[PDB]
Amino acid sequence: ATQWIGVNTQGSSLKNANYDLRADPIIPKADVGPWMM
Amino acid sequence: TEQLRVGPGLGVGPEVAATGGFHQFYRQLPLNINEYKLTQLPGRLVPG
Amino acid sequence: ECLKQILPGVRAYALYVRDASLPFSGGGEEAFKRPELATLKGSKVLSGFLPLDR
Amino acid sequence: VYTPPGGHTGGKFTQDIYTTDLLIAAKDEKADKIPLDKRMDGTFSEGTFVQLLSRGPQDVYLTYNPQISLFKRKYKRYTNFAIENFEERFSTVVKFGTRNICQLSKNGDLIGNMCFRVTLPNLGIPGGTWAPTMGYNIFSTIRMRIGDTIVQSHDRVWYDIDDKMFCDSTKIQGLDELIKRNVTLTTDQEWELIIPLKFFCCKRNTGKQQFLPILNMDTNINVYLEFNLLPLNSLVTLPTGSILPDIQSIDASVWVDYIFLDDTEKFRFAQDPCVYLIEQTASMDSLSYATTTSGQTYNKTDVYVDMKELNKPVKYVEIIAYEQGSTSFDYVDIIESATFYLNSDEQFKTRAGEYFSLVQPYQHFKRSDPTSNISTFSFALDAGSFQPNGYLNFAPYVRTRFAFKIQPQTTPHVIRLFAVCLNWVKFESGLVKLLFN
Amino acid sequence: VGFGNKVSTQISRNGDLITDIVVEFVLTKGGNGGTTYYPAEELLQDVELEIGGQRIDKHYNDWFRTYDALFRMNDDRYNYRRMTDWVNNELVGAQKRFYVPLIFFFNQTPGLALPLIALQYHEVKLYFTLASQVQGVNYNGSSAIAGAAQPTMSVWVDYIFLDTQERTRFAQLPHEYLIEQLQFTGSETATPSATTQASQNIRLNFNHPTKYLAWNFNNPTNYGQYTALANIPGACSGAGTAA
Amino acid sequence: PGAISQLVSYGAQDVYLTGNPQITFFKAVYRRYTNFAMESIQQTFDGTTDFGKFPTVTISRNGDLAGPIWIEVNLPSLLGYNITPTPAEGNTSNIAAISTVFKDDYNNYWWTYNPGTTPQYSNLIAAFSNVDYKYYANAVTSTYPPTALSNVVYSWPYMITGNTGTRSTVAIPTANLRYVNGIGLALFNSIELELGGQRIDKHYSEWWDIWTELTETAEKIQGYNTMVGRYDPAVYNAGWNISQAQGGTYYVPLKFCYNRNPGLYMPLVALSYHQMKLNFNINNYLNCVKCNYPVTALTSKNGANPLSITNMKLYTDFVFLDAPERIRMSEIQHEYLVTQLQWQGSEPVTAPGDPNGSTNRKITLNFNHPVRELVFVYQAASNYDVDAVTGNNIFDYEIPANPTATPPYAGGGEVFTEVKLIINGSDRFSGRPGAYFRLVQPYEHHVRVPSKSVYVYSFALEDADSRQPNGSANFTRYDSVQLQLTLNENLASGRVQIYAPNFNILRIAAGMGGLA
Amino acid sequence: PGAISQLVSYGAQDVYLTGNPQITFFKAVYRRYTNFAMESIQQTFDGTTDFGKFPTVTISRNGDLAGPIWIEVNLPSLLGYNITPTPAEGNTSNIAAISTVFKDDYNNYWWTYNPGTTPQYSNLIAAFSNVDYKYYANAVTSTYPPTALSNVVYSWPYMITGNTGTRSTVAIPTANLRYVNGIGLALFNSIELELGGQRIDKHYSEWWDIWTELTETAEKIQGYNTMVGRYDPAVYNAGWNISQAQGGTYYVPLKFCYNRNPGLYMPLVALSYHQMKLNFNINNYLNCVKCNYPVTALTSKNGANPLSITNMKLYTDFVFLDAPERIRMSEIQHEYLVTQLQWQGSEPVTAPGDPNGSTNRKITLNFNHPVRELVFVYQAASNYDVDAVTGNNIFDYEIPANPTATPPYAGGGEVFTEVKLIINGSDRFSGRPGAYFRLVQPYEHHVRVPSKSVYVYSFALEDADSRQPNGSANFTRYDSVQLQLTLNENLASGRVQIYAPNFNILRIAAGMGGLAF
């Protein structure tokens, strides 16, 4: 699994580093693209 | 071979030799570009 | 993603042990094949003479 | 009022027993037969509407039963790779006048393009100048040795011909700066030369890819580059009374671009056999003069080059002439006409030298003679394409030559013909061998 | 960092919500009292803000000046002046740390705090353009000030740390923030020279519900000069005397 | 004999080249396309279109796919504009159209000819050559028709001063007022492309010139140059006029992946809710002119016009597709392969005596998608400044003259001597000299090698965009990237620009568009 | 570290580039082809091959396909020919091969040198530089050899008048006589290509010039100008003579689709009943030359030869196929997608100062087959005339230097100010300035920008035939088409030559070929 070390949520530069010293709960994601709802 | 000396006409198939004389009839209008920006605002009354 | 690594990995390993075990590929004349000339400068040797049959 | 020609309904072509294929399928399978003349969108010049809907029977070959669009383009996904640049070192001190051998370190999974780098030490002679094109003038011979066998060999003249014949125009000015061609280099300054090596590698040669599968060369089977450099006495011109300071060591290295592959191909190239189509060269010259037993020398009115040592399928040949004594660049046209024989049979009607110089090259690149006097003859529709477009196989022939008709000369010129031929190199079971010799 | 250059920041995600942003400059002035006029925000030529590469707004130094002129009052505008200029008749050589608060949609009140917790795909990035022509620091009018030093710049962001309940809600629930934008392009005046009242009709190009329109007539040479110069005290250099 | 003999002979190698044939070279093959037609249709502007403005243009859905876009710019001729400081020589004056005290006979201009006078016709103002068609100052006259001609009037609206001696005095300006060679590119500092409000790409004045010098084809550069300028420095810095100091129509292409690749023409037929816009950043009129005098007013003689642009009209080349293509485009979701441009700036000093720096510099590279290449250019003189005198020649990627050192050094090339790219703290490759990046990399990868020193490095096997991926480096997985520059010792105090064209995917669905 | 960090962390976005790979860039491949060989075979002409003649060539069925064809033309050097009215100074007189009064010692020409004379050698005629290899007139003498060399003699056959005094008169003729720059193209007014008497295509000298400028690449056009004698006006109009006024062998290509596209090579093996024939139209004797005097005829100094063409040969490159393909070529019918030219001539007054014109001019077009592009060529000047004085320079589609107006106007360019095409009475596109069609259109679509006033307009998307169509306008169904040209006001009257390359289908079967409409 060498290609998977340092991976972000999608191809963006998030400064991955966990700046928030805490839990970071999960954001629900409905796969609705052009117009969210 | 057979030479197909095809002529004037518009919107027709390859089997058609010609349909037009000097001015082919059919044409279509555009859809009026950027129309969505234009709203035709209705009027209102002033109480008066 | 796992099978994409495992499948060529297995193929790669099987070929590895094939070569890691014996010298070269085990191929003989197939591997140790010198180039062919295949020109006709001397395909017909002009035997110097033809003796008579006796 | 009379019935218009063809009828009140526009006249039509009949469907007979001679009409076939597209002239019928185009009408029955016409994809746009269904819309009620509403095919086009709005906002247009009327003439564009007319063009878009004015197809005839002659168009059944172009716009009926479409196969592709010009705009629904697809790209192919490719195996992940990355390129790292490594600098290879010579095993010993690099010197002029000897063969400097560089061993490759097998750093990556494939070898791509290669470039040789050298500086010219500042000899310190204010009146001294170097050779016209040090980028090539120093390289007597360059060979790539792959195990025990040689894949290709090139020398000073071929390299310059290649550039003057297959270097596309937008690159020449930059290349001239790169190899310090058409410039004067003085001996007061230390100059940095960077010289591309036109191997069977990917680019620089109108080629495509042809990567070296370095991983599958086993153990003590490695890649060596043989750089045969001329001695300085032939390279640097000094004024009378100036003594050559000499060079005891040269700062030189080889730049090799190594490609690392995704694991899938990484092992395949290391393990599985691969065969590559390669281009090999040969050099056959003929003197413009002949000598006899008493040692007398006479000029030849008619001089021919015997291509008897060449036994390979040839794509094209390249012809130059130059002064016997001035073994340097800048070629001369001394040929009035030339013709080609196979086993004493004419191959084509004798053509003037201007044909070979100005016309024949149309097939390929650099059909011009601004300063060049390089002429060619092809056996293929194009020379540059990787694809083996065509060739003449010399293997079964016993008496091949180009006969060049010249005016009597006062300068002992030599006419030198190069051939570029196809071969194959196989990388299998740790060994590298050619298919044909 | 430097005069005329462009730098950017990416707001780190150490919290749940962010609200104010304060840009700091440390400047040294090249002239005596009265030479400068809002150098901290002349310098901050503009700030663009985007989320995930999506432009949200952009503010310009002239907007900062126009906004201040319109919307900040008697106590807060003097304090603003204290943060952006020298107000105590300071002399050449004075060095001061300046604070230029930004005026984006989320930083004038907590009610519109920007939810970084809910942006695991997008970064919030700010582009800062620094002016090359800063009155009293690099130039006096059009004349360069020899020896002028580069600024020291830093950008501070105020982060909000929420409890476990609200942190979960902001991360899990969708949000619709009702935000403000600025719309701006440059244009020319038609000021008459003599014996006439010229006029112009300039086409507006705006496209969202608009709270207000505002404008000024600027001398491009002198930042914030929206009126004519005159030999009236405070209305031109040397006003009231022979100079 | 001839070819017939060649066909009869047989070699073993033939079994690998002509045995069991797969293709032939003498049987023409082709594919079929849905009928389409092209039309170049004018777009409108929202906002003012002149120097220093930021107009926006919305590209309307005139066709199904929006292809190439050209901007038509009609600039005035500056040979008639004054420079108020008037350092010398009285600016400019029209000779032929005004000042009717001057008489024109045989195209020769004379002062107040009196028809009743003696054979001494008059004082000569300018002579005209009926074979060269040029005007000459201070021609030799021993007779009415001038004889020997010299001092060519390279600038026709010259100055005349009167009431000095017995006759007025005429002289040719010595200050050549002209447009920056690359005027069609210099005018626009940048153009942004957005769809639905999301920025897709952005070009800069410098990039167009860099891309032209880097990826242009032979025998079109003279055409391209004519359309936007770019007079080669060898003649531009020779002081030419008339051809370099005139207005007229310039044609600026927008070289986006969506403009020069049919497969990426913007599918507006499938974008009913999102329009795309071009956001312009245009220069101030007190720019793009490399004048001999400081330039301050640069304003017309005839009234007071501040060198306004006369016209600006852009055209989008639309394709109109037939019914089956338009139906599939609106119903089927698409993912298009697109290129974005990003760049980074830095400002070295290259040790000017004083302890302000050294020749060892690093630039942090904050790029965000797979990158094709890194392109490095160096702008240092007054050619990054706003001054006209030795300034504003932004397309000047070389070392300036600076004879203010014991050696009166000037120019020389080799802006950078060695560079190495550092990825996450480690070298990606071993260091190579500037010559490698200036000449070898474009010799291998690109269609041309640049004249102006431009340093490139590619992550591709070969590349000029080429309408297909061929290798990239994904900078989203590089947490810290720095490019280390080893600089020369005779550089000025200016800026370095680094450009990085990169990949993304444009998703089209349900009338809306946007990037991943 | 290294490229491994790049290789390994290819990242999420790159999945679209490297996921589920479809091709490899690292495996060189080629396809096996059909054995063939090429032979260059000379064809002969039927009819006199000289000025004003119309010879034909029948291409003999030597091979299976007829490939590229080149015309090899042998022209005399014309400086050996006199201008019959003798405008001035005896245009030419050979001074080396004839007239034994000329003496030659150290390559220096002297008048009647007497070996028994004094140190004053004789009267110098021409000095020779042993380093430059040039002759010089009026050199300074004193020692036996001349000491200072100037007044370079470019045309060797100068004009001499003898026995009038103590020295003969030596003058360099003030008459720079030369072939027009474009002799390679100008010699041939037109050429027809037909199968079985039925014409397929016809090319003109104007098209070959335009097409080469429009569709040729660097380092081929430079050779094109050398073998197809042409010169850039930048040097031709500088007064060059001996460097250009030469005869010898010229090589003119015939750039037909049947000659340029290997796949469209004429399959003569499949055409047993129709022979391919070329019909030539060679220019006239008093044409294709330029001079600074009114030339009415050019004749040899030796004899009365009226500057005839020395020879002319046609070389065709034939393709010979192996048996498998040769059999298929005969037995299987073929349908080729080919191109042909169409044109119409028109000679409007063209907005002259003269009151017989207007700047709003329309030209009605008469094209039918699906057109790939329109090309407009402008010929309105004294260079449209057959005169030798400024005339015959037909390949110069610019505004002439005609100072016959209040301003002494010359050159300038921008022949047309706006161009619009109208189909069926309605615009095909909004009108654009002329520069759009001189610079933008050819830059975007074509291989080369002529950078000479050439106007083009494409109906195809980014091609130059490109061996595959990329769009066309079908004129066969158009009711009427007009080209609207907004003219400049500094134009002379003359021709507007409009070409419209188009597509058609060539059907070959049962040994017969023909064009299908």
# chains A, B, ... in the order shown; residues from 1 in each chain; ligands from 1

call {"tool": "residues_around", "arguments": {"residues": "residue 313 (chain F)", "least_positions_apart": "5", "cutoff": "8 Å", "atoms": "only C-alpha atoms", "output": "NGL selection string"}}
result
:F and (42-44 or 71-73)

call {"tool": "interface_residues", "arguments": {"of": "chain A", "to": "chain F", "cutoff": "8 Å", "atoms": "only C-alpha atoms", "output": "list in words"}}
result
residues 6, 7, 11, 12, 13, 15 and 34 of chain A

call {"tool": "write_last_selection", "arguments": {"atoms": "C-alpha atoms", "output": "compact mmCIF listing (two decimals), in the first residue's frame"}}
result
# COMPACT_ATOMS: atom_id res chain seq x y z
CA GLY A 6 -0.48 10.80 2.58
CA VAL A 7 -3.89 10.62 0.90
CA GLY A 11 -7.20 15.50 -5.09
CA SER A 12 -6.97 18.81 -3.11
CA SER A 13 -4.16 20.38 -1.10
CA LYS A 15 -2.28 20.59 4.29
CA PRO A 34 -24.92 19.30 -10.33

call {"tool": "residues_around", "arguments": {"residues": "region 18-26 of chain A", "least_positions_apart": "2", "cutoff": "10 Å", "atoms": "only C-alpha atoms", "output": "MDAnalysis selection string"}}
result
(chainID A and resid 14:16 28:29) or (chainID E and resid 12:16 117:118 120 161 164 167:172)

call {"tool": "write_last_selection", "arguments": {"atoms": "C-alpha atoms", "output": "mmCIF file, in the first residue's frame"}}
result
data_model
loop_
_atom_site.group_PDB
_atom_site.id
_atom_site.type_symbol
_atom_site.label_atom_id
_atom_site.label_comp_id
_atom_site.auth_asym_id
_atom_site.auth_seq_id
_atom_site.Cartn_x
_atom_site.Cartn_y
_atom_site.Cartn_z
ATOM 1 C CA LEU A 14 -5.602 20.328 2.394
ATOM 2 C CA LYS A 15 -2.277 20.594 4.294
ATOM 3 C CA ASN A 16 -3.427 17.166 5.479
ATOM 4 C CA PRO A 28 -22.621 12.634 5.258
ATOM 5 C CA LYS A 29 -22.257 12.555 1.496
ATOM 6 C CA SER E 12 -5.418 26.097 8.438
ATOM 7 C CA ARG E 13 -8.189 23.952 9.888
ATOM 8 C CA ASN E 14 -7.593 23.935 13.635
ATOM 9 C CA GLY E 15 -11.165 24.771 14.501
ATOM 10 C CA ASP E 16 -14.819 24.412 13.637
ATOM 11 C CA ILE E 117 -15.430 21.643 9.909
ATOM 12 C CA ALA E 118 -17.918 21.073 7.082
ATOM 13 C CA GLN E 120 -13.192 18.423 4.262
ATOM 14 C CA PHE E 161 -13.748 25.853 19.034
ATOM 15 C CA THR E 164 -19.045 18.025 21.112
ATOM 16 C CA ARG E 167 -19.228 20.270 16.450
ATOM 17 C CA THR E 168 -21.117 17.117 15.434
ATOM 18 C CA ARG E 169 -24.090 19.120 14.158
ATOM 19 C CA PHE E 170 -21.992 21.513 12.103
ATOM 20 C CA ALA E 171 -20.065 18.606 10.616
ATOM 21 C CA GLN E 172 -23.099 16.389 9.896
#

call {"tool": "interface_residues", "arguments": {"of": "chain G", "to": "chain D", "cutoff": "6 Å", "atoms": "only C-alpha atoms", "output": "VMD selection string"}}
result
chain G and resid 3 7 17 to 18 21 to 24 28 30 39 to 40 219 to 220 222 to 223 423 426 to 429 473 477

call {"tool": "write_last_selection", "arguments": {"atoms": "N, CA, C and O atoms", "output": "mmCIF file, in the first residue's frame"}}
result
data_model
loop_
_atom_site.group_PDB
_atom_site.id
_atom_site.type_symbol
_atom_site.label_atom_id
_atom_site.label_comp_id
_atom_site.auth_asym_id
_atom_site.auth_seq_id
_atom_site.Cartn_x
_atom_site.Cartn_y
_atom_site.Cartn_z
ATOM 1 N N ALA G 3 12.500 9.880 -8.545
ATOM 2 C CA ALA G 3 11.221 9.813 -9.232
ATOM 3 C C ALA G 3 10.277 8.810 -8.597
ATOM 4 O O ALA G 3 9.119 8.717 -9.015
ATOM 5 N N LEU G 7 6.401 8.419 -8.718
ATOM 6 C CA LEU G 7 5.809 7.217 -9.293
ATOM 7 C C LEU G 7 4.724 6.650 -8.389
ATOM 8 O O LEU G 7 3.638 6.300 -8.861
ATOM 9 N N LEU G 17 -5.946 9.324 -15.448
ATOM 10 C CA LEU G 17 -4.862 9.261 -16.411
ATOM 11 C C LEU G 17 -4.200 7.891 -16.401
ATOM 12 O O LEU G 17 -3.836 7.365 -17.460
ATOM 13 N N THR G 18 -4.038 7.308 -15.218
ATOM 14 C CA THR G 18 -3.259 6.086 -15.070
ATOM 15 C C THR G 18 -4.078 4.900 -14.580
ATOM 16 O O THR G 18 -3.531 3.799 -14.470
ATOM 17 N N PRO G 21 -4.972 0.892 -17.006
ATOM 18 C CA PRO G 21 -4.265 1.361 -18.202
ATOM 19 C C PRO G 21 -4.786 0.678 -19.455
ATOM 20 O O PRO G 21 -5.158 -0.496 -19.440
ATOM 21 N N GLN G 22 -4.823 1.437 -20.543
ATOM 22 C CA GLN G 22 -5.291 0.930 -21.820
ATOM 23 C C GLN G 22 -4.187 0.746 -22.849
ATOM 24 O O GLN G 22 -4.266 -0.193 -23.644
ATOM 25 N N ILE G 23 -3.168 1.597 -22.852
ATOM 26 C CA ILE G 23 -2.040 1.482 -23.764
ATOM 27 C C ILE G 23 -0.765 1.551 -22.938
ATOM 28 O O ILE G 23 -0.808 1.896 -21.752
ATOM 29 N N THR G 24 0.359 1.202 -23.553
ATOM 30 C CA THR G 24 1.667 1.424 -22.951
ATOM 31 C C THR G 24 2.496 2.298 -23.882
ATOM 32 O O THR G 24 2.483 2.111 -25.102
ATOM 33 N N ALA G 28 7.379 -0.408 -28.299
ATOM 34 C CA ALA G 28 7.394 0.015 -29.688
ATOM 35 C C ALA G 28 6.806 -1.085 -30.557
ATOM 36 O O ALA G 28 7.182 -2.252 -30.431
ATOM 37 N N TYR G 30 5.157 -2.070 -34.678
ATOM 38 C CA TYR G 30 4.984 -1.716 -36.076
ATOM 39 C C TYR G 30 4.138 -2.782 -36.754
ATOM 40 O O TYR G 30 4.011 -3.902 -36.256
ATOM 41 N N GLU G 39 10.280 2.731 -58.776
ATOM 42 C CA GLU G 39 11.169 2.913 -59.905
ATOM 43 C C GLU G 39 10.816 4.276 -60.481
ATOM 44 O O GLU G 39 9.634 4.594 -60.631
ATOM 45 N N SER G 40 11.831 5.084 -60.775
ATOM 46 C CA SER G 40 11.618 6.353 -61.461
ATOM 47 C C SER G 40 11.825 6.171 -62.960
ATOM 48 O O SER G 40 12.931 5.872 -63.426
ATOM 49 N N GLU G 219 12.117 24.219 -44.386
ATOM 50 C CA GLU G 219 13.202 23.366 -44.859
ATOM 51 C C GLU G 219 12.696 22.455 -45.969
ATOM 52 O O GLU G 219 13.444 21.582 -46.423
ATOM 53 N N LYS G 220 11.454 22.619 -46.407
ATOM 54 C CA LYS G 220 11.018 22.167 -47.710
ATOM 55 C C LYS G 220 10.701 23.311 -48.652
ATOM 56 O O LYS G 220 10.997 23.204 -49.848
ATOM 57 N N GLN G 222 12.165 26.120 -48.688
ATOM 58 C CA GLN G 222 13.416 26.744 -49.097
ATOM 59 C C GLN G 222 14.025 25.997 -50.270
ATOM 60 O O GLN G 222 14.517 26.608 -51.225
ATOM 61 N N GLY G 223 13.971 24.664 -50.227
ATOM 62 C CA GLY G 223 14.349 23.889 -51.385
ATOM 63 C C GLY G 223 13.372 24.021 -52.531
ATOM 64 O O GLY G 223 13.778 24.036 -53.693
ATOM 65 N N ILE G 423 -24.717 32.952 -49.088
ATOM 66 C CA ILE G 423 -25.265 31.740 -49.677
ATOM 67 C C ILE G 423 -26.777 31.874 -49.675
ATOM 68 O O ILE G 423 -27.380 32.165 -48.636
ATOM 69 N N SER G 426 -28.390 35.071 -48.183
ATOM 70 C CA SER G 426 -28.232 35.399 -46.775
ATOM 71 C C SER G 426 -26.798 35.143 -46.344
ATOM 72 O O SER G 426 -26.117 34.275 -46.896
ATOM 73 N N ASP G 427 -26.349 35.894 -45.349
ATOM 74 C CA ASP G 427 -24.953 35.829 -44.949
ATOM 75 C C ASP G 427 -24.614 34.425 -44.467
ATOM 76 O O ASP G 427 -25.415 33.779 -43.787
ATOM 77 N N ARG G 428 -23.423 33.944 -44.829
ATOM 78 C CA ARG G 428 -22.911 32.725 -44.216
ATOM 79 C C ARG G 428 -22.202 33.014 -42.903
ATOM 80 O O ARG G 428 -22.168 32.164 -42.011
ATOM 81 N N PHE G 429 -21.629 34.204 -42.769
ATOM 82 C CA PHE G 429 -21.023 34.614 -41.511
ATOM 83 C C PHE G 429 -20.999 36.131 -41.467
ATOM 84 O O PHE G 429 -21.048 36.797 -42.501
ATOM 85 N N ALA G 473 -18.495 22.203 -47.485
ATOM 86 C CA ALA G 473 -19.729 22.879 -47.850
ATOM 87 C C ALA G 473 -20.195 22.329 -49.187
ATOM 88 O O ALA G 473 -19.477 22.422 -50.185
ATOM 89 N N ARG G 477 -26.200 21.875 -53.828
ATOM 90 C CA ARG G 477 -27.577 22.119 -53.444
ATOM 91 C C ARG G 477 -27.841 23.581 -53.123
ATOM 92 O O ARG G 477 -28.926 23.910 -52.638
#

call {"tool": "closest_atom_pairs", "arguments": {"of": "chain A", "to": "chain C", "cutoff": "12 Å", "atoms": "only C-alpha atoms", "output": "tab-separated table"}}
result
residue	atom	partner	partner_atom	distance
A:1	CA	C:2	CA	8.8
A:2	CA	C:5	CA	11.0
A:3	CA	C:1	CA	10.7
A:4	CA	C:1	CA	10.7

call {"tool": "write_last_selection", "arguments": {"atoms": "C-alpha atoms", "output": "compact mmCIF listing (two decimals), in the first residue's frame"}}
result
# COMPACT_ATOMS: atom_id res chain seq x y z
CA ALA A 1 0.00 0.00 0.00
CA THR A 2 2.67 2.49 -0.98
CA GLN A 3 0.48 4.73 -3.14
CA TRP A 4 -1.94 5.28 -0.24

call {"tool": "interface_residues", "arguments": {"of": "chain B", "to": "chain D", "cutoff": "10 Å", "atoms": "only C-alpha atoms", "output": "MDAnalysis selection string"}}
result
chainID B and resid 1:21 26:34

call {"tool": "closest_residue", "arguments": {"among": "E:232, E:21, E:204, E:214", "to": "chain F", "atoms": "only C-alpha atoms"}}
result
E:204

call {"tool": "select_by_dssp", "arguments": {"residues": "region 73-278 of chain D", "states": "helix (DSSP H, G or I)", "output": "PDB file with C-alpha atoms, in the first residue's frame"}}
result
ATOM      1  CA  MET D 134      33.118  20.663 -31.456  1.00  0.00           C
ATOM      2  CA  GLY D 135      29.784  19.076 -30.621  1.00  0.00           C
ATOM      3  CA  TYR D 136      30.568  16.458 -33.245  1.00  0.00           C
ATOM      4  CA  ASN D 137      34.122  17.072 -34.403  1.00  0.00           C
ATOM      5  CA  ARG D 156      31.149  12.463 -36.709  1.00  0.00           C
ATOM      6  CA  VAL D 157      29.817  12.667 -40.229  1.00  0.00           C
ATOM      7  CA  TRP D 158      26.632  10.684 -39.698  1.00  0.00           C
ATOM      8  CA  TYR D 159      25.667  12.756 -36.687  1.00  0.00           C
ATOM      9  CA  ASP D 160      26.006  15.996 -38.631  1.00  0.00           C
ATOM     10  CA  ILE D 161      24.121  14.540 -41.591  1.00  0.00           C
ATOM     11  CA  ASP D 162      21.327  13.365 -39.329  1.00  0.00           C
ATOM     12  CA  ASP D 163      20.903  16.853 -37.943  1.00  0.00           C
ATOM     13  CA  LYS D 164      21.062  18.413 -41.400  1.00  0.00           C
ATOM     14  CA  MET D 165      18.477  15.952 -42.691  1.00  0.00           C
ATOM     15  CA  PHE D 166      16.097  14.959 -39.892  1.00  0.00           C
ATOM     16  CA  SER D 169      13.333  23.339 -38.363  1.00  0.00           C
ATOM     17  CA  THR D 170      12.068  24.778 -35.111  1.00  0.00           C
ATOM     18  CA  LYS D 171      14.822  22.980 -33.247  1.00  0.00           C
ATOM     19  CA  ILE D 172      17.845  23.819 -35.393  1.00  0.00           C
ATOM     20  CA  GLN D 173      18.660  27.218 -33.913  1.00  0.00           C
ATOM     21  CA  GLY D 174      18.476  25.826 -30.401  1.00  0.00           C
ATOM     22  CA  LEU D 175      20.448  22.755 -31.407  1.00  0.00           C
ATOM     23  CA  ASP D 176      23.186  24.841 -33.014  1.00  0.00           C
ATOM     24  CA  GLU D 177      23.583  26.577 -29.656  1.00  0.00           C
ATOM     25  CA  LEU D 178      23.436  23.223 -27.865  1.00  0.00           C
ATOM     26  CA  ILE D 214      17.744  -2.690 -18.866  1.00  0.00           C
ATOM     27  CA  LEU D 215      16.345  -4.817 -16.041  1.00  0.00           C
ATOM     28  CA  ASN D 216      16.495  -8.059 -18.030  1.00  0.00           C
ATOM     29  CA  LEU D 232      43.785  17.339 -29.853  1.00  0.00           C
ATOM     30  CA  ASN D 233      46.179  17.683 -32.792  1.00  0.00           C
ATOM     31  CA  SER D 234      43.148  17.209 -35.059  1.00  0.00           C
ATOM     32  CA  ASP D 263       4.982  -2.660 -10.682  1.00  0.00           C
ATOM     33  CA  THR D 264       3.012  -4.303 -13.491  1.00  0.00           C
ATOM     34  CA  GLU D 265       5.316  -3.360 -16.340  1.00  0.00           C
ATOM     35  CA  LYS D 266       8.340  -3.052 -14.041  1.00  0.00           C
ATOM     36  CA  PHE D 267       8.529  -6.815 -13.744  1.00  0.00           C
ATOM     37  CA  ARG D 268       7.287  -7.592 -17.254  1.00  0.00           C
ATOM     38  CA  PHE D 269      10.253  -5.796 -18.797  1.00  0.00           C
ATOM     39  CA  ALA D 270      12.678  -7.346 -16.329  1.00  0.00           C
ATOM     40  CA  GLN D 271      11.342 -10.841 -16.982  1.00  0.00           C
TER      41      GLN D 271
END

call {"tool": "residues_around", "arguments": {"residues": "region 12-24 of chain C", "least_positions_apart": "3", "cutoff": "6 Å", "atoms": "only C-alpha atoms", "output": "count of residues only"}}
result
3
